[PDB]
Amino acid sequence: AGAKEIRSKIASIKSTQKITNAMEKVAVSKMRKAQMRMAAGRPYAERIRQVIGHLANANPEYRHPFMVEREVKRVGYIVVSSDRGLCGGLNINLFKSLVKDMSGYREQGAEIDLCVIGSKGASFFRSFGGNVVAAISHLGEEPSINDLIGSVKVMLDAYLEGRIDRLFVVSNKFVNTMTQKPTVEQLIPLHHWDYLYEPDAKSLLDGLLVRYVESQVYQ
Amino acid sequence: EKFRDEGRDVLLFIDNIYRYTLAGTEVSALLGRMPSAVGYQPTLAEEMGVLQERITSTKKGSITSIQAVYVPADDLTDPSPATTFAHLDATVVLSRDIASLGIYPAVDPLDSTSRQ
Amino acid sequence: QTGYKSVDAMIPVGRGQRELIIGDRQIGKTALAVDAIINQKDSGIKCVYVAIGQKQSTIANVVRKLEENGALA
Amino acid sequence: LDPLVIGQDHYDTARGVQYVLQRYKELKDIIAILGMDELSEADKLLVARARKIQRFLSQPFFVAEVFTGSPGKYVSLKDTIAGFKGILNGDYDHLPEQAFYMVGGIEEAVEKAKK
Amino acid sequence: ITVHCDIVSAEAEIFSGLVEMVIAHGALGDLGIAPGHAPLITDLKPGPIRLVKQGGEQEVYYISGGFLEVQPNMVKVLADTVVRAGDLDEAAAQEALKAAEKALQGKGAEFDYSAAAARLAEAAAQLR
Amino acid sequence: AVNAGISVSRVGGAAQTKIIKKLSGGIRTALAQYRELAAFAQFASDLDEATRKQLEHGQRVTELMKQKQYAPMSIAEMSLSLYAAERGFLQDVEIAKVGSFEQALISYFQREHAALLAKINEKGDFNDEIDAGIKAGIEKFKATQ
Amino acid sequence: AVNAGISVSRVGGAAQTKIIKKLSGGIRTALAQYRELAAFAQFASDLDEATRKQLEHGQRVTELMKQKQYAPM
Amino acid sequence: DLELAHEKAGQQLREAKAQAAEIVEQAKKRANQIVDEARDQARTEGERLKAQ
Amino acid sequence: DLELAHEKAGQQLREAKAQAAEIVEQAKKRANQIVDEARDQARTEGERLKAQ
Ligand SMILES: Nc1ncnc2c1ncn2[C@@H]1O[C@H](COP(=O)(O)OP(=O)(O)OP(=O)(O)O)[C@@H](O)[C@H]1O
Ligand SMILES: [Mg+2]
């Protein structure tokens with residue numbers, strides 16, 4: 001109504017518009033800091049995959065339980081989600097893809113176990129009734145791989161004990177600065193010279209594969 | 001009008017068309033006429049029409065006019081800008097940013113408009 | 001019939017109706033009404049165009065367009 | 001609109017509808033700048049019911065049939081109270097909000113949701 | 001003579017460059033790697049790795065475990081950020097199992113997930 | 001520039017000719033679906049089949065409604081544009097060519113079906129014979145021009 | 001409390017001595033850059049080096065405009 | 001198999017070249033129509049200017 | 001050879017469609033100029049008659 005109150009509303013919205021314009025540039029700076037951390041993790045995982053591929057081919061007498069598929073009715077998922085809000089559909093599009101793929105297993109009569117990273121994922125399963133077996137939250141913007149050891153071990157032990165038949169990781173892929181793609185990716189069911197294998201080649205494999213799955217979850 | 005009747009094309013520059021509108025408001029107030037919306041003279045549209053309708057192209061020659069325009073309180077809906085815009089055929093917008101780049105004349109190609 | 005797909009399909013006008021044309025300046029208000037007059041030349045409907053407060057040059061251009069399209073008679 | 005004239009059931013239902021619509025009105029500017037995702041879980045549930053209530057208040061009239069071809073609908077007070085009470089209590093939380101637009105009675109909203 | 005060597009962790013590169021000798025603690029015994037060495041893979045126990053180069057004759061780096069991989073023209077240390085052992089490894093898994101907050105034993109067969117996902121996905125479209 | 005969302009005629013529905021009255025019922029709703037989805041064209045490649053088809057039809061009807069000044073259309077000419085859009089003949093035509101398709105279709109009926117356009121122009125009547133005559137002409141157009 | 005963003009003199013540089021005319025060009029630009037970057041000041045640690053260099057200069061020039069009453073220079 | 005492949009390949013290429021010529025003839029019919037309509041339009045326009 | 005025959009058949013139809021579009025646009029340009037030729041001629045004669 002009055003010309004005094006309208007000026008107060010215009011000033012209130014203008015003050016807000018100044019800080020949202022600043023936060024856009026802050027988000028870009030943090031995006032560049034994250035892109036360099038993605039690139040720094042690649043040279044380790046590609047070398048572990050190269051070693052795993054050679055060793056598994058050079059020693060046919062042994063096949064680790066992760067490299068063979070058991071066709072049974074129980075599955076596991078690692079769900080990656082944010083802790084903070086102000087995201088333009090990041091968690092919503094991810095949960096939509098998770099529910100789409102989970103329903104295929106529910107309809108096929110298969111049971112499901114869940115591992116959760118981030119407060120938004122925890123809130124979704126806490127409100128809708130998801131049976132979470134392991135959870136972690138409040139990790140920094142620059143996470144450390146040692147924080148993931150626990151959550152990944154709980155999910156790996158369940159596969160080694162035969163409780164889980166297949167394990168997947170659900171997260172967003174950086175297609176370009178304007179596009180984030182929600183995806184479900186499988187994990188557990190993965191030149192003519194040999195190494196000296198100082199300790200047992202089978203022992204090395206039992207150790208290298210665990211470091212490979214953890215490096216995939218960290219990436 | 002004399003130069004137009006000699007068979008020529010003439011340019012008429014008006015320093016500020018807003019001050020012509022205000023001078024009419026001042027004279028109308030001195031004569032005691034009842035003021036209109038926003039306090040402008042009741043004859044606002046007619047006084048603008050009497051001036052602007054003589055500036056045209058005739059069978060002998062033409063008078064083209066370039067008029068500087070001031071917008072009160074940055075409100076394009078105010079009676080003075082709104083009455084003036086009914087008569088304009090083109091709009092040239094000079095830009096402070098374009099002048100900083102050393103580009104002259106400093107005319108904005110996106111904000112300038114023309115009915116032709 | 002105004003002769004426009006959008007108007008004759010979604011906002012039909014009947015004989016004896018009052019239909020308001022409304023909008024901001026310079027967006028086709030005159031164009032829509034003059035084209036409606038031009039489309040009546042073979043319909044049997046006679047037309048009246050009243051220009052109030054318009055520039056003399058604008059009125060002259062509307063009359064030129066009415067004869068170029070055969071609607072002035 | 002007095003408990004001594006219309007009875008407590010109708011009065012509480014009308015009061016409940018006004019409470020939800022008033023609370024949704026207060027969230028207009030927050031929703032325009034940041035969207036529904038930044039609201040609390042209690043506010044998100046209320047916004048979904050407010051949007052269903054706004055649509056369920058619409059009705060095709062018999063005199064308006066000339067403007068749209070849609071048949072007119074007459075709704076009794078019994079059917080009116082039952083429909084809004086059900087929406088406020090959450091009996092239709094699973095129906096999409098477009099199912100309540102231009103439907104005479106709550107049963108017609110249930111049938112429209114199957115399309 | 002020199003061979004290219006990189007020490008890399010799951011998070012970032014610790015070292016990268018040319019060296020004449022690499023000395024490390026293997027799980028079965030200590031080793032000395034030089035250019036042209038035959039392909040070798042081994043598990044490393046916690047301790048310092050010593051690199052040798054002209055001038056850089058004592059470049060020492062502490063490593064918490066991991067693996068060493070060797071080739072006649074390349075050396076790779078696939079390092080660890082923290083000591084990996086059962087007594088430390090198990091505590092984190094028990095904490096992850098303990099951190100799983102539970103208030104309602106849901107069946108996971110709910111349809112509501114789809115209704116709320118559609119409600120929010122359409123709201124996020126009106127926002128732009 | 002006709003804003004279909006707020007523009008309305010209180011007495012024109014009873015005055016509209018039979019052919020335009022029957023074909024125009026789907027035009028009004030298609031533009032409403034477009035106004036609600038138009039901003040999504042930058043991300044619509046990743047939406048459900050139903051919403052994708054509603055948006056794709058709304059875009060075609062919006063493109064079809066464009067018209068130049070001093071270029072009026074007769075009952076028969078407007079009827080071809082409305083029939084092609086209402087009966088789904090534009091689904092395999094790209095947005096950039098809806099205007100080209102319209103001018104080509106009208107030009108084709110003017111030489112191959114002149115007697116049908118003359119019949120429609122008398123009083124804008126719409127019987128089974130006229131409906132059959134229009135679809136046969138549009139199908140032959142799509143399959144040969 | 002001079003708002004240099006809206007305050008203006010139509011005479012400009014014609015009313016200035018050679019030394020003040022030369023030194024004021026950079027200061028006018030510095031205040032203009034500061035008015036645009038002022039909202040980002042609470043996040044200076046996350047900005048680009050070139051942007052931070054302009055912000056730091058803008059803050060010092062803005063602080064230098066302060067002066068006491070009855071103390072003309 | 002090689003002979004059958006050449007027969008099917010050659011036969012379908014006949015259809016494509018026959019269809020290409022048919023497409024161009026329909027374009028020539030359209031082209032003749034648009035210049036005929038313009039030539040008759042120009043005849044009525046010159047009649048309008050002379051009467052004016 | 002069958003993949004190459006399909007690519008040649010596809011090229012033939014796309015080239016025919018491009019040729020058809022050029023034929024129609026050239027005829028549109030001729031049509032537009034035919035009306036301008038008649039208008040300029042009619043205006044010229046009108047000015048000659050009224051001046052006389
Ligand atoms: N359908 C159309 N296609 C292309 N241009 C058009 C169309 N309709 C109108 N225009 C153009 O729009 C411009 C303004 O049209 P018009 O003069 O009729 O608008 P107006 O609202 O009546 O203007 P005014 O307020 O001055 O009377 C003109 O250049 C006109 O040629
Ligand atoms: Mg006008």
# chains A, B, ... in the order shown; residues from 1 in each chain; ligands from 1
call {"tool": "residues_near_ligand", "arguments": {"ligand": "ligand 2", "cutoff": "10 Å", "atoms": "only C-alpha atoms and all ligand atoms", "output": "ChimeraX atom specification"}}
result
/B:86 /C:25-34,51-55,58-59,62
call {"tool": "interface_residues", "arguments": {"of": "chain D", "to": "chain F", "cutoff": "9 Å", "atoms": "only C-alpha atoms", "output": "PyMOL selection string"}}
result
chain D and resi 66-68
call {"tool": "write_last_selection", "arguments": {"atoms": "N, CA and C atoms", "output": "mmCIF file, in the first residue's frame"}}
result
data_model
loop_
_atom_site.group_PDB
_atom_site.id
_atom_site.type_symbol
_atom_site.label_atom_id
_atom_site.label_comp_id
_atom_site.auth_asym_id
_atom_site.auth_seq_id
_atom_site.Cartn_x
_atom_site.Cartn_y
_atom_site.Cartn_z
ATOM 1 N N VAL D 66 -20.780 -22.943 -21.873
ATOM 2 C CA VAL D 66 -20.601 -22.306 -23.186
ATOM 3 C C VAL D 66 -19.145 -21.875 -23.444
ATOM 4 N N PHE D 67 -18.385 -21.537 -22.395
ATOM 5 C CA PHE D 67 -16.992 -21.077 -22.507
ATOM 6 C C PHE D 67 -15.959 -22.197 -22.649
ATOM 7 N N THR D 68 -16.291 -23.439 -22.281
ATOM 8 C CA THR D 68 -15.321 -24.558 -22.269
ATOM 9 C C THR D 68 -15.840 -25.917 -22.736
#
call {"tool": "residues_around", "arguments": {"residues": "range 23-29 of chain I", "least_positions_apart": "6", "cutoff": "8 Å", "atoms": "only C-alpha atoms", "output": "count of residues only"}}
result
7
call {"tool": "residues_around", "arguments": {"residues": "residue 14 in chain I", "least_positions_apart": "4", "cutoff": "12 Å", "atoms": "only C-alpha atoms", "output": "PyMOL selection string"}}
result
(chain H and resi 16-17+19-20+23-24) or (chain I and resi 7-10+18-21)
call {"tool": "write_last_selection", "arguments": {"atoms": "C-alpha atoms", "output": "PDB file, in the first residue's frame"}}
result
ATOM      1  CA  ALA H  16      17.005 -43.523 -55.041  1.00  0.00           C
ATOM      2  CA  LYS H  17      17.911 -41.971 -58.465  1.00  0.00           C
ATOM      3  CA  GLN H  19      12.983 -40.739 -56.482  1.00  0.00           C
ATOM      4  CA  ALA H  20      15.553 -37.885 -56.792  1.00  0.00           C
ATOM      5  CA  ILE H  23      11.444 -34.722 -56.266  1.00  0.00           C
ATOM      6  CA  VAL H  24      13.034 -32.234 -58.728  1.00  0.00           C
TER       7      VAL H  24
ATOM      8  CA  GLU I   7      25.761 -43.972 -48.218  1.00  0.00           C
ATOM      9  CA  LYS I   8      25.541 -43.215 -51.997  1.00  0.00           C
ATOM     10  CA  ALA I   9      21.722 -43.696 -51.957  1.00  0.00           C
ATOM     11  CA  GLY I  10      21.439 -41.331 -48.922  1.00  0.00           C
ATOM     12  CA  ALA I  18      19.007 -29.270 -51.682  1.00  0.00           C
ATOM     13  CA  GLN I  19      18.549 -28.785 -55.476  1.00  0.00           C
ATOM     14  CA  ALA I  20      14.730 -28.580 -55.101  1.00  0.00           C
ATOM     15  CA  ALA I  21      15.057 -25.849 -52.424  1.00  0.00           C
TER      16      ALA I  21
END
call {"tool": "calpha_fit_and_write", "arguments": {"fixed": "chain I", "moving": "chain H", "output": "mmCIF file with N, CA, C and O atoms, in the first residue's frame"}}
result
data_model
loop_
_atom_site.group_PDB
_atom_site.id
_atom_site.type_symbol
_atom_site.label_atom_id
_atom_site.label_comp_id
_atom_site.auth_asym_id
_atom_site.auth_seq_id
_atom_site.Cartn_x
_atom_site.Cartn_y
_atom_site.Cartn_z
ATOM 1 N N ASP H 1 28.332 -54.247 -49.275
ATOM 2 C CA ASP H 1 27.794 -53.640 -50.496
ATOM 3 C C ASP H 1 26.412 -53.008 -50.301
ATOM 4 O O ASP H 1 26.171 -51.911 -50.803
ATOM 5 N N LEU H 2 25.512 -53.660 -49.559
ATOM 6 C CA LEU H 2 24.171 -53.132 -49.315
ATOM 7 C C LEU H 2 24.220 -51.842 -48.478
ATOM 8 O O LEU H 2 23.525 -50.879 -48.782
ATOM 9 N N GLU H 3 25.067 -51.799 -47.447
ATOM 10 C CA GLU H 3 25.227 -50.610 -46.603
ATOM 11 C C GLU H 3 25.826 -49.447 -47.416
ATOM 12 O O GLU H 3 25.288 -48.339 -47.402
ATOM 13 N N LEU H 4 26.905 -49.690 -48.172
ATOM 14 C CA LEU H 4 27.515 -48.679 -49.048
ATOM 15 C C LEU H 4 26.509 -48.142 -50.076
ATOM 16 O O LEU H 4 26.474 -46.937 -50.330
ATOM 17 N N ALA H 5 25.699 -49.017 -50.682
ATOM 18 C CA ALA H 5 24.673 -48.601 -51.630
ATOM 19 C C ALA H 5 23.671 -47.650 -50.953
ATOM 20 O O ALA H 5 23.382 -46.590 -51.503
ATOM 21 N N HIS H 6 23.175 -47.974 -49.751
ATOM 22 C CA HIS H 6 22.258 -47.086 -49.021
ATOM 23 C C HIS H 6 22.897 -45.751 -48.624
ATOM 24 O O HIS H 6 22.229 -44.719 -48.689
ATOM 25 N N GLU H 7 24.180 -45.735 -48.248
ATOM 26 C CA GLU H 7 24.872 -44.487 -47.900
ATOM 27 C C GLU H 7 24.977 -43.575 -49.125
ATOM 28 O O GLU H 7 24.587 -42.409 -49.060
ATOM 29 N N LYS H 8 25.448 -44.105 -50.265
ATOM 30 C CA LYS H 8 25.593 -43.331 -51.511
ATOM 31 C C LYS H 8 24.234 -42.867 -52.039
ATOM 32 O O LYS H 8 24.098 -41.704 -52.417
ATOM 33 N N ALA H 9 23.225 -43.739 -52.011
ATOM 34 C CA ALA H 9 21.857 -43.429 -52.427
ATOM 35 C C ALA H 9 21.257 -42.298 -51.575
ATOM 36 O O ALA H 9 20.708 -41.330 -52.101
ATOM 37 N N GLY H 10 21.388 -42.392 -50.247
ATOM 38 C CA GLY H 10 20.874 -41.378 -49.331
ATOM 39 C C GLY H 10 21.610 -40.049 -49.509
ATOM 40 O O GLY H 10 20.962 -39.017 -49.654
ATOM 41 N N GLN H 11 22.945 -40.063 -49.558
ATOM 42 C CA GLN H 11 23.759 -38.859 -49.744
ATOM 43 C C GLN H 11 23.393 -38.109 -51.038
ATOM 44 O O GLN H 11 23.100 -36.915 -50.988
ATOM 45 N N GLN H 12 23.327 -38.785 -52.195
ATOM 46 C CA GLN H 12 22.963 -38.107 -53.444
ATOM 47 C C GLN H 12 21.529 -37.551 -53.394
ATOM 48 O O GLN H 12 21.262 -36.495 -53.968
ATOM 49 N N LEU H 13 20.589 -38.221 -52.714
ATOM 50 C CA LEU H 13 19.224 -37.704 -52.583
ATOM 51 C C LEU H 13 19.212 -36.414 -51.732
ATOM 52 O O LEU H 13 18.388 -35.536 -51.986
ATOM 53 N N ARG H 14 20.137 -36.258 -50.764
ATOM 54 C CA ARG H 14 20.290 -35.003 -49.998
ATOM 55 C C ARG H 14 20.654 -33.889 -50.974
ATOM 56 O O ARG H 14 20.002 -32.849 -50.981
ATOM 57 N N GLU H 15 21.693 -34.092 -51.788
ATOM 58 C CA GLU H 15 22.114 -33.119 -52.806
ATOM 59 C C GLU H 15 20.943 -32.706 -53.708
ATOM 60 O O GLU H 15 20.731 -31.517 -53.925
ATOM 61 N N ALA H 16 20.144 -33.658 -54.200
ATOM 62 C CA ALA H 16 19.000 -33.363 -55.063
ATOM 63 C C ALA H 16 17.941 -32.490 -54.369
ATOM 64 O O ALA H 16 17.501 -31.483 -54.925
ATOM 65 N N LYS H 17 17.543 -32.813 -53.133
ATOM 66 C CA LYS H 17 16.598 -31.992 -52.360
ATOM 67 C C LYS H 17 17.175 -30.636 -51.961
ATOM 68 O O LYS H 17 16.425 -29.663 -51.921
ATOM 69 N N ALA H 18 18.482 -30.528 -51.715
ATOM 70 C CA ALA H 18 19.103 -29.235 -51.434
ATOM 71 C C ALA H 18 19.110 -28.371 -52.706
ATOM 72 O O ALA H 18 18.729 -27.201 -52.672
ATOM 73 N N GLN H 19 19.457 -28.963 -53.852
ATOM 74 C CA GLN H 19 19.468 -28.285 -55.147
ATOM 75 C C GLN H 19 18.055 -27.841 -55.556
ATOM 76 O O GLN H 19 17.876 -26.729 -56.040
ATOM 77 N N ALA H 20 17.031 -28.663 -55.313
ATOM 78 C CA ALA H 20 15.646 -28.324 -55.630
ATOM 79 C C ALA H 20 15.185 -27.071 -54.872
ATOM 80 O O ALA H 20 14.560 -26.185 -55.452
ATOM 81 N N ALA H 21 15.519 -26.964 -53.586
ATOM 82 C CA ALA H 21 15.162 -25.792 -52.799
ATOM 83 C C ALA H 21 15.910 -24.544 -53.303
ATOM 84 O O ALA H 21 15.314 -23.476 -53.413
ATOM 85 N N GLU H 22 17.189 -24.679 -53.674
ATOM 86 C CA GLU H 22 17.987 -23.563 -54.199
ATOM 87 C C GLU H 22 17.417 -23.034 -55.527
ATOM 88 O O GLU H 22 17.334 -21.823 -55.730
ATOM 89 N N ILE H 23 16.941 -23.928 -56.403
ATOM 90 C CA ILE H 23 16.302 -23.578 -57.682
ATOM 91 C C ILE H 23 15.037 -22.749 -57.424
ATOM 92 O O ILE H 23 14.825 -21.719 -58.064
ATOM 93 N N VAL H 24 14.202 -23.162 -56.469
ATOM 94 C CA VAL H 24 12.968 -22.442 -56.140
ATOM 95 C C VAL H 24 13.266 -21.074 -55.528
ATOM 96 O O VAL H 24 12.595 -20.106 -55.878
ATOM 97 N N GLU H 25 14.281 -20.926 -54.676
ATOM 98 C CA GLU H 25 14.624 -19.604 -54.127
ATOM 99 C C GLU H 25 15.059 -18.632 -55.229
ATOM 100 O O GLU H 25 14.640 -17.474 -55.226
ATOM 101 N N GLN H 26 15.838 -19.079 -56.218
ATOM 102 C CA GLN H 26 16.223 -18.221 -57.343
ATOM 103 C C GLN H 26 14.986 -17.817 -58.162
ATOM 104 O O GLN H 26 14.892 -16.677 -58.617
ATOM 105 N N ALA H 27 13.988 -18.692 -58.292
ATOM 106 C CA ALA H 27 12.748 -18.357 -58.988
ATOM 107 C C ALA H 27 11.977 -17.276 -58.205
ATOM 108 O O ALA H 27 11.419 -16.354 -58.796
ATOM 109 N N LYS H 28 11.976 -17.332 -56.868
ATOM 110 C CA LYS H 28 11.353 -16.314 -56.005
ATOM 111 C C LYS H 28 12.059 -14.959 -56.134
ATOM 112 O O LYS H 28 11.385 -13.936 -56.168
ATOM 113 N N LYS H 29 13.390 -14.912 -56.290
ATOM 114 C CA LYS H 29 14.140 -13.659 -56.522
ATOM 115 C C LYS H 29 13.714 -13.037 -57.855
ATOM 116 O O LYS H 29 13.402 -11.851 -57.916
ATOM 117 N N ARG H 30 13.632 -13.854 -58.913
ATOM 118 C CA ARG H 30 13.167 -13.446 -60.247
ATOM 119 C C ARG H 30 11.733 -12.933 -60.169
ATOM 120 O O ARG H 30 11.451 -11.860 -60.684
ATOM 121 N N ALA H 31 10.841 -13.653 -59.490
ATOM 122 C CA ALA H 31 9.441 -13.272 -59.337
ATOM 123 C C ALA H 31 9.295 -11.914 -58.637
ATOM 124 O O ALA H 31 8.506 -11.081 -59.074
ATOM 125 N N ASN H 32 10.092 -11.655 -57.602
ATOM 126 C CA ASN H 32 10.064 -10.376 -56.899
ATOM 127 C C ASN H 32 10.583 -9.248 -57.799
ATOM 128 O O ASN H 32 10.009 -8.164 -57.813
ATOM 129 N N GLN H 33 11.624 -9.502 -58.600
ATOM 130 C CA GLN H 33 12.156 -8.518 -59.546
ATOM 131 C C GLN H 33 11.109 -8.115 -60.596
ATOM 132 O O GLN H 33 10.898 -6.929 -60.830
ATOM 133 N N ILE H 34 10.425 -9.071 -61.227
ATOM 134 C CA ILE H 34 9.456 -8.733 -62.273
ATOM 135 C C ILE H 34 8.224 -7.987 -61.753
ATOM 136 O O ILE H 34 7.669 -7.185 -62.499
ATOM 137 N N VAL H 35 7.793 -8.179 -60.500
ATOM 138 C CA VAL H 35 6.672 -7.390 -59.953
ATOM 139 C C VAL H 35 7.153 -6.031 -59.430
ATOM 140 O O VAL H 35 6.391 -5.072 -59.459
ATOM 141 N N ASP H 36 8.415 -5.899 -59.014
ATOM 142 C CA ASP H 36 9.015 -4.627 -58.601
ATOM 143 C C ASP H 36 9.143 -3.704 -59.821
ATOM 144 O O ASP H 36 8.701 -2.556 -59.805
ATOM 145 N N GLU H 37 9.675 -4.229 -60.928
ATOM 146 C CA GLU H 37 9.815 -3.472 -62.175
ATOM 147 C C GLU H 37 8.440 -3.050 -62.703
ATOM 148 O O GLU H 37 8.286 -1.928 -63.176
ATOM 149 N N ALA H 38 7.419 -3.896 -62.587
ATOM 150 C CA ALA H 38 6.074 -3.535 -63.022
ATOM 151 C C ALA H 38 5.471 -2.441 -62.131
ATOM 152 O O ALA H 38 4.836 -1.514 -62.626
ATOM 153 N N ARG H 39 5.679 -2.514 -60.816
ATOM 154 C CA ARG H 39 5.160 -1.526 -59.866
ATOM 155 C C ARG H 39 5.801 -0.155 -60.074
ATOM 156 O O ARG H 39 5.113 0.856 -59.948
ATOM 157 N N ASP H 40 7.078 -0.097 -60.444
ATOM 158 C CA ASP H 40 7.754 1.164 -60.766
ATOM 159 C C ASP H 40 7.353 1.660 -62.169
ATOM 160 O O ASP H 40 7.179 2.854 -62.397
ATOM 161 N N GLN H 41 7.155 0.750 -63.128
ATOM 162 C CA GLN H 41 6.698 1.098 -64.475
ATOM 163 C C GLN H 41 5.317 1.752 -64.393
ATOM 164 O O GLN H 41 5.109 2.842 -64.926
ATOM 165 N N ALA H 42 4.389 1.135 -63.653
ATOM 166 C CA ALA H 42 3.031 1.629 -63.445
ATOM 167 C C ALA H 42 3.020 3.031 -62.818
ATOM 168 O O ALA H 42 2.190 3.866 -63.168
ATOM 169 N N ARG H 43 3.980 3.316 -61.934
ATOM 170 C CA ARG H 43 4.147 4.619 -61.285
ATOM 171 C C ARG H 43 4.537 5.688 -62.306
ATOM 172 O O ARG H 43 3.971 6.777 -62.284
ATOM 173 N N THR H 44 5.442 5.385 -63.239
ATOM 174 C CA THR H 44 5.826 6.325 -64.315
ATOM 175 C C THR H 44 4.727 6.484 -65.370
ATOM 176 O O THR H 44 4.547 7.574 -65.900
ATOM 177 N N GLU H 45 3.946 5.439 -65.648
ATOM 178 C CA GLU H 45 2.858 5.490 -66.630
ATOM 179 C C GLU H 45 1.700 6.363 -66.138
ATOM 180 O O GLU H 45 1.190 7.196 -66.878
ATOM 181 N N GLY H 46 1.309 6.240 -64.868
ATOM 182 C CA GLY H 46 0.261 7.083 -64.288
ATOM 183 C C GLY H 46 0.666 8.559 -64.265
ATOM 184 O O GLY H 46 -0.170 9.438 -64.451
ATOM 185 N N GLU H 47 1.961 8.848 -64.114
ATOM 186 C CA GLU H 47 2.510 10.204 -64.177
ATOM 187 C C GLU H 47 2.381 10.778 -65.599
ATOM 188 O O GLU H 47 2.063 11.951 -65.779
ATOM 189 N N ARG H 48 2.583 9.941 -66.628
ATOM 190 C CA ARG H 48 2.459 10.309 -68.046
ATOM 191 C C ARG H 48 1.012 10.641 -68.386
ATOM 192 O O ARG H 48 0.751 11.699 -68.947
ATOM 193 N N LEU H 49 0.056 9.786 -68.010
ATOM 194 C CA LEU H 49 -1.364 10.042 -68.286
ATOM 195 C C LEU H 49 -1.880 11.301 -67.576
ATOM 196 O O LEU H 49 -2.664 12.040 -68.170
ATOM 197 N N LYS H 50 -1.447 11.597 -66.342
ATOM 198 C CA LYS H 50 -1.910 12.807 -65.643
ATOM 199 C C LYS H 50 -1.354 14.084 -66.282
ATOM 200 O O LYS H 50 -2.083 15.060 -66.431
ATOM 201 N N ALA H 51 -0.100 14.068 -66.735
ATOM 202 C CA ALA H 51 0.498 15.199 -67.444
ATOM 203 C C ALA H 51 -0.189 15.432 -68.798
ATOM 204 O O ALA H 51 -0.433 16.571 -69.190
ATOM 205 N N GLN H 52 -0.547 14.353 -69.499
ATOM 206 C CA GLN H 52 -1.242 14.409 -70.780
ATOM 207 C C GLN H 52 -2.642 15.021 -70.609
ATOM 208 O O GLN H 52 -3.016 15.911 -71.369
#
call {"tool": "select_by_dssp", "arguments": {"residues": "range 2-113 of chain B", "states": "strand (DSSP E)", "output": "list in words"}}
result
residues 9, 10, 11, 12, 13, 14, 62, 63, 64, 65, 66, 67, 90, 91 and 113 of chain B
call {"tool": "write_last_selection", "arguments": {"atoms": "C-alpha atoms", "output": "PDB file, in the first residue's frame"}}
result
ATOM      1  CA  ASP B   9      15.506  19.745 -45.787  1.00  0.00           C
ATOM      2  CA  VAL B  10      16.078  21.371 -42.333  1.00  0.00           C
ATOM      3  CA  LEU B  11      17.275  20.170 -38.892  1.00  0.00           C
ATOM      4  CA  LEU B  12      15.560  21.603 -35.775  1.00  0.00           C
ATOM      5  CA  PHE B  13      17.371  20.944 -32.484  1.00  0.00           C
ATOM      6  CA  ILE B  14      15.415  21.384 -29.222  1.00  0.00           C
ATOM      7  CA  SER B  62      10.946  18.873 -44.696  1.00  0.00           C
ATOM      8  CA  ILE B  63      11.887  19.705 -41.083  1.00  0.00           C
ATOM      9  CA  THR B  64      13.502  16.818 -39.130  1.00  0.00           C
ATOM     10  CA  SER B  65      14.007  17.263 -35.359  1.00  0.00           C
ATOM     11  CA  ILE B  66      16.498  16.002 -32.774  1.00  0.00           C
ATOM     12  CA  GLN B  67      15.178  16.537 -29.228  1.00  0.00           C
ATOM     13  CA  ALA B  90      13.493   7.124 -33.290  1.00  0.00           C
ATOM     14  CA  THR B  91      15.521   6.901 -30.048  1.00  0.00           C
ATOM     15  CA  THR B 113      15.510   2.107 -31.601  1.00  0.00           C
TER      16      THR B 113
END
call {"tool": "residues_around", "arguments": {"residues": "residue 97 in chain F", "least_positions_apart": "4", "cutoff": "10 Å", "atoms": "only C-alpha atoms", "output": "PyMOL selection string"}}
result
chain F and resi 60+63-64+90+93+101-102
call {"tool": "interface_residues", "arguments": {"of": "chain A", "to": "chain F", "cutoff": "12 Å", "atoms": "only C-alpha atoms", "output": "list in words"}}
result
residues 93, 178, 179, 181 and 182 of chain A
call {"tool": "residues_around", "arguments": {"residues": "residue 136 in chain A", "least_positions_apart": "2", "cutoff": "12 Å", "atoms": "only C-alpha atoms", "output": "PyMOL selection string"}}
result
(chain A and resi 78-83+114-122+132-134+138-140+143+147-152+154) or (chain E and resi 92-93+95-101)
call {"tool": "closest_residue", "arguments": {"among": "C:1, C:43, C:23, C:18", "to": "ligand 1", "atoms": "only C-alpha atoms and all ligand atoms"}}
result
C:23
call {"tool": "select_by_dssp", "arguments": {"residues": "range 83-132 of chain F", "states": "alpha helix (DSSP H)", "output": "number ranges by chain"}}
result
F: 83-86, 98-112, 114-123, 128-132
call {"tool": "residues_around", "arguments": {"residues": "residue 19 in chain D", "least_positions_apart": "3", "cutoff": "12 Å", "atoms": "only C-alpha atoms", "output": "count of residues only"}}
result
16
